């Protein structure tokens, strides 16, 4: 009884004919039962993709795979459900309906709600252990991967506790997170804490901050990058360097800094503009020249991370975030957005191809918090920022953003999609809360409070 991954859920035939748009070929009751198991999970790979949301996934599928297409990774997970992600108003303790990335990231990495901007702490600014720190204490190997800056919310919540997500390094931390500032008896800036966390594998962008020098501590005067080398980390900065790595562990932990800020986006296209669906011409994305074989893809980093963490016989925890997007140059950029979903699907495939043959790995895919992207009718009415796109079907698809150019896309409070595979996958089905994911991973891995 091996747990199946959906082999092919694309339209089975001629979509203009009866049943041609069907994605199923028969009853699924058997498929589902075989997808359920409460046996303990040896490892967990949590894939987080900004825009792994229902609207972004449909747009990307329509674009790269066609309406009747099928993401061999993203659409392949058998168990799906929805999860709420509201935050708490620091003052009143009451709910704040639209959460930012940090409150959201704190929720699944620690199991506790918090205020927006807060990273690894609650509304009382009190630290709470993250999922990675806990796997650490149980002897499991840990991996933290993102195509964004490693200091950014997502990868940061697993290893940092600060009263504000902006507290990247010393300076910023000293002026915006006084209490966390090292020179003040705090645990330090996000990068400093990231370095104290010492995960076995950390791959991402944001080399900029590591160029900062500490203001206090036994590593005062030297760059965080230097501090990293002094503390035993394996410093890698490109595809070749990373491929040369043979081991990653506490004695020789790996730290891959591949970009100054966010890693390079897969596809280029113009920003969406007002009335761009009629005003401008249908767009077809183009390969981003800044993306070469010297820069590892979200997929390769995932692949290499699994290889290195899979050595630990106890098992490992791994988190992969596809968010090479920025703000606003990438921005209200359809192509940058879709290419990311595409990068994501590859990384998810690697994750699934691996968990399929190991049989004790829980793969969980989810989508950040909610955004304003939408697929709209290709006639006059847009509005907001829109753009017509040429799809794989040889038909144009229109998309609108609804935030303002000279303004970054807004966040929404709409519940989001989550899917899983492997032991305990069931726990994401139906309606759950973002904080439930924490208790789900903690329980699946058998981690103790």
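Numbering follows the first chain given and starts at 1.
When the two stretches 276 to 284 and 92 to 100 are set side by side, the higher mean Cα temperature factor goes to 276 to 284. The stretch with the higher mean CA B factor, choosing between 438 to 446 and 4 to 12, is 4 to 12. Going by the entry's values, 212 shows the largest Cα B-factor out of 321, 122, 346, 212. Across 331, 77, 342, 197, the entry's maximum B-factor at the CA atom is seen for 331. Residue 267: CA B factor in the lowest third of modelled residues in this chain (values from the PDB entry). Residue 127: CA B factor lies in the middle third for its chain, per the PDB record. Among the modelled residues of its chain, residue 84 has a C-alpha B-factor that falls in the lowest third according to the deposited record.
Residue 421 sits in the middle third of its chain by CA B factor, as recorded in the PDB entry.
Sort the modelled residues of the chain by CA B factor and residue 372 lands in the highest third.
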